[PDB]
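>
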Amino acid sequence: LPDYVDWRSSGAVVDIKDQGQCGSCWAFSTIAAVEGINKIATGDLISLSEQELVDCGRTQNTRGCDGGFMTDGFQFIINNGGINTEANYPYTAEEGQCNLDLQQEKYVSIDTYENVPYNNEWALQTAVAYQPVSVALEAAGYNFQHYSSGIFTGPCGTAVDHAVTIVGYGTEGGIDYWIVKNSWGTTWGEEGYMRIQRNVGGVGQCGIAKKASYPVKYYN
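All residue numbers for the sequence shown refer to the entry's author numbering, where the first residue is 1 and numbers rise by one.
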């Protein structure tokens, strides 16, 4: 595998977004991953709609601003035959009625999705070398919340409570890291991103390797 991966450097990452006062990180994670594979497969970077998932992708498990799961995110887009753009179906940071007109408007599609084998950073690195990957981690602690620079090494629990997107990895000063795109806007972390420790084993740093998944497009 490559020593350094950064999907931003090849235009596969949309500018940092902000979920605001809404537990919709799951939708931002879904979208950033879908945005990335679309660029990789088609050559075009298009910003896509979180609100569509919040309004239209509710399940027994996935509940708009009350949290949810990226797998339901990917599933909705598969079942719907695609997703509308950010500009056409804009983010409001609150639960709205599903706009069926805008739901019929499809600019990006996916064929399938896959789960990364759990607790396997090597398999996670393998998937990240190919595309951005949706992950959940333990982001509730003081240190994670106040992170502004460097490689985050904890402390953090391992309970997945917040979804983000891995957009790369590297090493600096002998410390391996994942590059994480968060949805707390640009004033958090390293302009909205975090470098977080990689190759610690087990569930990964803050449980990052516990529930990794990514969308699939058959043709490049």
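Using N, Cα and C, we set each Cβ at its ideal position, and we do this for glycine too.
Between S9 and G36, what straight-line distance do the alpha-carbon atoms span, to the nearest angstrom?
In the sequence shown, residue 9 corresponds to position 9, counting from 1. In the sequence shown, residue 36 corresponds to position 36, counting from 1. Rounded to whole angstroms, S9 to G36 spans 12 Å at the Cα level.
> Among residues of its own chain, excluding the 5 on either side of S29, which ones have a beta-carbon nearer than 8 Å to its beta-carbon?
Mapped onto the sequence shown, residue 29 falls at position 29. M70, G73, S134, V135, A136, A163, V164, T165, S183, listed in sequence order.
> From what residue to what residue does the alpha helix (DSSP H) around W26 run?
Along the sequence shown, one-based indexing puts residue 26 at 26. Per DSSP, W26 belongs to the alpha helix (DSSP H) from 25-42.
> For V34 and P215, which I take to be in contact (beta-carbon distance under 8 Å), what is that distance rounded to the nearest angstrom?
By 1-based counting over the sequence shown, the position of residue 34 is 34. By 1-based counting over the sequence shown, the position of residue 215 is 215. About 5 Å separates the two Cβ atoms, so the contact holds.
> So if DSSP puts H146 in a beta bridge, which residue, or which two residues, is it bridged to?
Taking the sequence shown and counting its residues from 1, one reaches residue 146 at position 146. For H146, which the question treats as bridged, DSSP gives no partner whatsoever.
> Where DSSP assigns a beta bridge to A136, which residues make up the other side?
By one-based count along the sequence shown, residue 136 stands at place 136. Partner(s): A163.
> Assuming contact is defined by CB atoms lying nearer than 9 Å, are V167 and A32 in contact in what I supplied?
Stepping through the sequence shown from its first residue, residue 167 is reached at position 167. Stepping through the sequence shown from its first residue, residue 32 is reached at position 32. Going by C-beta atoms, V167 is nearer than 9 Å to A32.
> Would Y218 be called buried (16 or more neighbouring beta carbons within 10 Å of its own) or exposed?
In the sequence shown, counting from the first residue as 1, residue 218 sits at position 218. Label assigned to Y218: exposed.
> Do three or more CB pairs link the region 200-208 to the region 117-124 at distances below 8 Å?
Yes, the region 200-208 touches the region 117-124.
> Scan the region 31-114 and note each continuous alpha helix (DSSP H) run of 4 residues or more that stays entirely inside, going in chain order.
Qualifying alpha helix (DSSP H) stretches, in chain order: 50-56, 70-80, 100-103.
> Any idea what DSSP makes of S213, helix, strand or coil?
In the sequence shown, the residue the question calls residue 213 occupies position 213. It is a strand residue.
> Relative to the alpha-carbon of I110, which residue among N38, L1, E190, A12 has its alpha-carbon at the smallest distance?
In the sequence shown, residue 110 corresponds to position 110, counting from 1. Checking every option, the nearest Cα to that of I110 belongs to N38.
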